[PDB]
Each structure stands twice: as structure tokens, then as C-alpha cells.
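Q: Pasting work_19.cif here (mmCIF, C-alpha atoms and all ligand atoms):
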```
data_coords
#
loop_
_atom_site.label_atom_id
_atom_site.label_comp_id
_atom_site.auth_asym_id
_atom_site.auth_seq_id
_atom_site.Cartn_x
_atom_site.Cartn_y
_atom_site.Cartn_z
CA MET A 1 -27.15 14.33 15.92
CA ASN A 2 -29.76 13.19 13.38
CA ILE A 3 -30.72 10.08 11.42
CA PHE A 4 -27.94 10.58 8.86
CA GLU A 5 -25.21 10.92 11.49
CA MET A 6 -26.73 8.00 13.42
CA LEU A 7 -26.74 5.58 10.51
CA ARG A 8 -23.30 6.76 9.38
CA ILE A 9 -22.00 5.63 12.77
CA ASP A 10 -23.86 2.32 12.63
CA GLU A 11 -23.04 1.46 9.00
CA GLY A 12 -19.57 2.88 8.35
CA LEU A 13 -18.26 4.02 4.97
CA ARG A 14 -16.52 1.66 2.56
CA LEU A 15 -15.93 2.52 -1.09
CA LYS A 16 -15.38 -1.03 -2.44
CA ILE A 17 -17.92 -3.87 -2.49
CA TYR A 18 -17.74 -5.71 0.83
CA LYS A 19 -19.78 -8.32 2.67
CA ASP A 20 -22.07 -7.04 5.43
CA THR A 21 -22.68 -8.71 8.80
CA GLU A 22 -25.00 -11.23 7.08
CA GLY A 23 -22.45 -12.01 4.38
CA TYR A 24 -24.29 -10.01 1.70
CA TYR A 25 -22.60 -7.79 -0.87
CA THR A 26 -22.86 -4.14 0.20
CA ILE A 27 -21.13 -0.83 -0.56
CA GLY A 28 -20.95 2.72 0.70
CA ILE A 29 -22.89 3.49 3.90
CA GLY A 30 -24.70 0.18 4.28
CA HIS A 31 -26.14 0.05 0.74
CA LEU A 32 -27.19 -3.59 0.32
CA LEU A 33 -26.62 -4.63 -3.28
CA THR A 34 -28.03 -8.17 -3.32
CA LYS A 35 -28.39 -11.30 -1.26
CA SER A 36 -27.09 -13.36 -4.19
CA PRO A 37 -23.69 -15.04 -3.70
CA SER A 38 -22.66 -13.84 -7.17
CA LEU A 39 -20.23 -10.92 -7.13
CA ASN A 40 -21.13 -10.21 -10.77
CA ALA A 41 -24.78 -9.93 -9.72
CA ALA A 42 -23.77 -7.43 -7.04
CA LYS A 43 -21.67 -5.47 -9.53
CA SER A 44 -24.63 -5.32 -11.94
CA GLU A 45 -26.82 -3.97 -9.11
CA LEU A 46 -24.14 -1.36 -8.33
CA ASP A 47 -23.87 -0.22 -11.95
CA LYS A 48 -27.67 0.12 -12.14
CA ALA A 49 -27.75 2.14 -8.91
CA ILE A 50 -24.97 4.53 -9.98
CA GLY A 51 -25.69 4.73 -13.72
CA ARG A 52 -22.15 3.88 -14.87
CA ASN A 53 -19.83 0.90 -15.20
CA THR A 54 -18.19 0.90 -11.73
CA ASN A 55 -16.27 -2.42 -11.47
CA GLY A 56 -17.15 -2.43 -7.77
CA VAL A 57 -15.64 0.88 -6.56
CA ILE A 58 -17.43 4.19 -5.95
CA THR A 59 -16.50 7.63 -4.67
CA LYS A 60 -17.43 9.10 -1.30
CA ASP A 61 -19.80 11.53 -3.00
CA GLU A 62 -21.48 8.57 -4.72
CA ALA A 63 -21.73 6.68 -1.43
CA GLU A 64 -23.40 9.68 0.23
CA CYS A 65 -25.73 10.03 -2.74
CA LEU A 66 -26.94 6.41 -2.36
CA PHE A 67 -27.18 6.89 1.40
CA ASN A 68 -29.51 9.88 1.04
CA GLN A 69 -31.77 7.85 -1.27
CA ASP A 70 -31.71 4.91 1.14
CA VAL A 71 -32.72 7.02 4.15
CA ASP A 72 -35.56 8.46 2.04
CA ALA A 73 -36.64 4.96 1.00
CA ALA A 74 -36.72 3.87 4.65
CA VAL A 75 -38.99 6.77 5.58
CA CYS A 76 -41.19 6.11 2.52
CA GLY A 77 -41.52 2.45 3.52
CA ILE A 78 -42.58 3.40 7.03
CA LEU A 79 -45.18 5.90 5.86
CA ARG A 80 -46.79 3.46 3.38
CA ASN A 81 -46.92 0.56 5.88
CA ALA A 82 -50.22 0.16 7.74
CA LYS A 83 -48.36 -1.36 10.71
CA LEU A 84 -45.46 1.09 10.94
CA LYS A 85 -47.05 4.45 10.09
CA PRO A 86 -49.24 4.69 13.26
CA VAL A 87 -46.25 3.94 15.46
CA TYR A 88 -44.02 6.41 13.60
CA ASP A 89 -46.69 9.11 13.78
CA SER A 90 -46.92 8.62 17.54
CA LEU A 91 -43.19 9.02 18.22
CA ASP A 92 -40.97 11.99 18.98
CA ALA A 93 -38.26 12.87 16.45
CA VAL A 94 -35.44 10.98 18.21
CA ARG A 95 -37.42 7.76 18.49
CA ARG A 96 -38.57 8.22 14.89
CA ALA A 97 -34.89 8.04 13.93
CA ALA A 98 -34.54 4.78 15.85
CA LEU A 99 -37.40 3.26 13.84
CA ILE A 100 -35.85 4.49 10.56
CA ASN A 101 -32.56 2.90 11.68
CA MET A 102 -34.25 -0.49 12.13
CA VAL A 103 -36.02 -0.26 8.76
CA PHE A 104 -32.73 0.69 7.09
CA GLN A 105 -31.06 -2.41 8.55
CA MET A 106 -33.80 -5.03 8.24
CA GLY A 107 -36.39 -3.71 5.78
CA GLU A 108 -39.98 -2.55 6.07
CA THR A 109 -41.55 -6.01 6.23
CA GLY A 110 -39.09 -7.20 8.86
CA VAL A 111 -39.71 -4.35 11.29
CA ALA A 112 -43.47 -4.45 10.65
CA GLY A 113 -43.38 -8.01 12.02
CA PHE A 114 -42.27 -6.81 15.50
CA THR A 115 -45.95 -6.68 16.46
CA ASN A 116 -45.55 -6.79 20.24
CA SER A 117 -42.64 -4.32 20.32
CA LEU A 118 -44.57 -1.94 18.06
CA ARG A 119 -47.58 -2.04 20.41
CA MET A 120 -45.33 -1.30 23.38
CA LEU A 121 -43.80 1.65 21.53
CA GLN A 122 -47.28 2.93 20.62
CA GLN A 123 -48.23 2.61 24.31
CA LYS A 124 -45.07 4.59 25.24
CA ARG A 125 -44.02 1.76 27.57
CA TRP A 126 -40.37 2.43 26.85
CA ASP A 127 -38.62 0.09 29.30
CA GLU A 128 -41.00 -2.73 28.38
CA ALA A 129 -40.46 -2.12 24.66
CA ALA A 130 -36.69 -2.14 25.18
CA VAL A 131 -36.86 -5.53 26.89
CA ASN A 132 -39.05 -6.94 24.11
CA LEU A 133 -36.90 -5.59 21.26
CA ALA A 134 -33.82 -7.39 22.60
CA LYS A 135 -35.62 -10.77 22.39
CA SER A 136 -34.80 -11.02 18.70
CA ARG A 137 -32.51 -12.49 16.07
CA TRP A 138 -31.71 -8.83 15.33
CA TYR A 139 -30.29 -8.23 18.79
CA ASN A 140 -28.47 -11.55 18.93
CA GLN A 141 -26.72 -11.07 15.59
CA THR A 142 -25.82 -7.35 15.99
CA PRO A 143 -25.98 -6.72 19.75
CA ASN A 144 -23.86 -3.58 20.02
CA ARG A 145 -25.83 -1.78 17.30
CA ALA A 146 -29.15 -3.07 18.60
CA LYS A 147 -28.21 -1.88 22.10
CA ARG A 148 -27.66 1.65 20.72
CA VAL A 149 -30.97 1.64 18.82
CA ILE A 150 -32.87 0.23 21.81
CA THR A 151 -31.33 2.81 24.17
CA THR A 152 -32.57 5.45 21.74
CA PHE A 153 -36.10 3.99 22.00
CA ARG A 154 -35.83 3.63 25.79
CA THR A 155 -34.68 7.17 26.57
CA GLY A 156 -35.68 9.34 23.62
CA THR A 157 -32.15 10.80 23.70
CA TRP A 158 -28.96 10.42 21.68
CA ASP A 159 -26.99 9.16 24.69
CA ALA A 160 -25.89 5.96 22.91
CA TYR A 161 -24.32 7.90 20.01
CA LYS A 162 -22.28 10.51 21.92
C1 LIG B 201 -25.75 10.48 -6.70
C2 LIG B 201 -24.64 10.74 -7.38
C3 LIG B 201 -23.54 11.62 -6.83
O1 LIG B 201 -23.77 12.55 -6.00
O2 LIG B 201 -22.22 11.40 -7.25
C4 LIG B 201 -21.63 12.57 -7.82
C5 LIG B 201 -24.63 10.07 -8.75
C6 LIG B 201 -23.66 8.90 -8.80
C7 LIG B 201 -24.32 11.06 -9.88
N1 LIG B 201 -26.07 9.64 -8.88
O3 LIG B 201 -26.27 8.37 -9.55
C8 LIG B 201 -26.71 9.65 -7.54
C9 LIG B 201 -28.05 10.37 -7.70
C10 LIG B 201 -26.87 8.24 -6.97
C1 LIG B 202 -41.19 5.14 -1.35
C2 LIG B 202 -40.14 5.21 -2.14
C3 LIG B 202 -39.26 6.42 -2.07
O1 LIG B 202 -39.75 7.58 -1.95
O2 LIG B 202 -37.87 6.23 -2.09
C4 LIG B 202 -37.25 7.48 -1.80
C5 LIG B 202 -39.93 3.96 -2.99
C6 LIG B 202 -38.73 3.15 -2.51
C7 LIG B 202 -39.81 4.31 -4.48
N1 LIG B 202 -41.24 3.26 -2.78
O3 LIG B 202 -41.15 1.82 -2.86
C8 LIG B 202 -41.89 3.79 -1.53
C9 LIG B 202 -43.38 3.96 -1.84
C10 LIG B 202 -41.70 2.89 -0.30
#
```
Could you take the file, read its structure, and then write that structure out as C-alpha cells?
Ligand SMILES: *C1=C(C(=O)OC)C(C)(C)N(O)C1(C)C
Ligand SMILES: *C1=C(C(=O)OC)C(C)(C)N(O)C1(C)C
A:
Amino acid sequence: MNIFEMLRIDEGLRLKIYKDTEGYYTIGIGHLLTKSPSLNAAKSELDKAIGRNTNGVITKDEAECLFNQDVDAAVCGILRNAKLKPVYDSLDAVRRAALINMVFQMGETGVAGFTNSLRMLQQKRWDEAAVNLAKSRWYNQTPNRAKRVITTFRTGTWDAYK
């Protein structure tokens, strides 16, 4: 198991534009296209991301291509953020993947706002951090996925993904 296999489980794979759990146009392995309600706006975003006129459908190879860029962008966002980089640097590789997972789902700024959870992770107070992380809109709106990510933070193992 690794961050790619982890997010592939959490995000799925769909080759046509669909609406994500928030109602936002998405494609591939959780590639958010736009929060705009305009399907043409989402299709324009898709064409720009792929470099061709797609009419809202991509191939599996294209989906995996976007996914690799998106995982990279999540890591890049963490390492440039003054709030997230210290926590990331302090973590083992499995818990690092859990933080990347959260940034992939909610964005750099969103995760960087989890000030008290981040402190608890930095302190390596894993059970306490797990309790705090669940006190969130994130957990309430996607509880099964959040439970898996939180278990990964709590234990430092892949138990929730096997
Ligand atoms: C990845 C791609 C790919 O692997 O599909 C063959 C394309 C669509 C060529 N490219 O735009 C990226 C780099 C996104
Ligand atoms: C890092 C980036 C990156 O390396 O994506 C793979 C982008 C998204 C260009 N950038 O905004 C940071 C600095 C976060």
C-alpha cells in the first residue's frame, strides 16, 4: 500500500464527468474540475487539463496521468505551507500519506486550518488527534472515508485499507 493505492480506493475511477460528494464536477480519480454549476465551465477546465477537446470523457491512462499530477500538487502544497510542512516533516511515511489524503480531498488551506489537530499530530498524541479530527464538517460529510484516514493517523498502519 502507498498514497496512490490509498487515494485510488478513496476516490474511485470514473471516465466521464460526474458530480463529487459536494456536488462539484469531477473526473478520473477525484480530479476536481470546478465548483461552478456550469457543465460547460467544467468541460473547459477538462480540455485545458488534458490539452485536447474532450467533450467530457477521458481514457484510463489520462485519468492516471491527472492523478499523478494531483498527488504531486498535494505534496507540493504541504511542503510550501508554513503550517503543514512542520507536521509533515515530523510524521512517519504512513501518516504522511494520511495528511496527503486530506490535502487531496479538501485543499491545502482547508487542512492548514485544522490548527488543534495539527498540534496533536505534531505532539504524537495519536488517540487525542483522532478524536479531534472527527469533530469536523469533513468527518460528518464523508464519515467512512474520514474514519479510514483517521485510523491511519491513529495507528500508523494501513489497517483501514486492507
Ligand atoms: C497525461 C497524459 C496521458 O498519460 O495520457 C496518455 C496526457 C493526456 C497526454 N497528458 O495531458 C497528461 C500529462 C495529463
Ligand atoms: C507545487 C506545485 C507542484 O509541484 O505541482 C506538482 C504547484 C501546484 C505548481 N504549486 O502551486 C506548488 C508550489 C504548490
Q: Interatomic distance between CA of residue 33 (chain A) and atom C8 of ligand LIG 201 (chain B)?
A: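 Interatomic distance here is 14.9 Å.
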Q: Could you give me, as a list in words, every polymer residue with an atom at most 7 Å away from an atom of ligand LIG 201 (chain B), counting all atoms listed in the file?
A: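 Going residue by residue within 7 Å of ligand LIG 201 (chain B), we get residues 49, 50, 51, 61, 62, 64, 65 and 66 of chain A.
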Q: Residues near region 136-147 of chain A, anyone? I mean within 9 Å using only C-alpha atoms, not counting same-chain ones fewer than 3 positions away, as a list in words.
A: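 In the requested form, the answer reads residues 10, 21, 22, 102, 106, 132, 133, 150, 151, 152 and 160 of chain A.
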Q: Can you work out the spacing between CA of residue 4 (chain A) and CA of residue 74 (chain A) in Å, to one decimal?
A: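 Computing the Euclidean distance for CA of residue 4 (chain A) and CA of residue 74 (chain A) yields 11.8 Å.
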Q: Using all atoms listed in the file, which residues of the polymer chains come no farther than 10 Å from ligand LIG 202 (chain B)? I'd like the answer as a list in words.
A: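 So, counting all atoms listed in the file, the residues near ligand LIG 202 (chain B) are residues 68, 69, 70, 71, 72, 73, 74, 75, 76, 77, 78, 79, 80, 81 and 108 of chain A.
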Q: So what do you get for CA of residue 159 (chain A) versus CA of residue 20 (chain A), distance-wise?
A: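 CA of residue 20 (chain A) lies 25.6 Å from CA of residue 159 (chain A).
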Q: Of the candidates A:120, A:58, A:6, A:17, which one gets nearest to residue 41 (chain A) if we count all atoms listed in the file?
A: A:17
Q: Name the closest residue to residue 90 (chain A) among the candidates A:2, A:123, A:26, A:54; distances are taken between atoms, counting all atoms listed in the file.
A: A:123
Q: I need the residue nearest residue 99 (chain A) from this list: A:57, A:149, A:82, A:9. Use only C-alpha atoms for the distance.
A: A:149
Q: Pick out the residues sitting within 10 Å of residue 38 (chain A), and hand them over as a ChimeraX atom specification; count only C-alpha atoms, and ignore anything fewer than 5 positions along from it in its own chain.
A: /A:24-25,43-44
Q: Give as number ranges by chain each residue that has an atom at most 8 Å from (-45.5, 3.2, 20.3) in the file, counting all atoms listed in the file.
A: A: 87-88, 90-91, 118-125
Q: Of the candidates A:15, A:84, A:8, A:29, which one gets nearest to residue 111 (chain A) if we count all atoms listed in the file?
A: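 Using all atoms listed in the file, the shortest distance to residue 111 (chain A) belongs to A:84.
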Q: Between A:135, A:101, A:117, A:129, which has the minimum distance to residue 155 (chain A) (counting only C-alpha atoms)?
A: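 Looking only at the distances to residue 155 (chain A), the closest residue turns out to be A:129.
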Q: Point out the residue among A:30, A:156, A:86, A:23 with the least atom-to-atom distance to residue 104 (chain A), counting all atoms listed in the file.
A: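 Between A:30, A:156, A:86, A:23, the residue approaching residue 104 (chain A) most closely is A:30.
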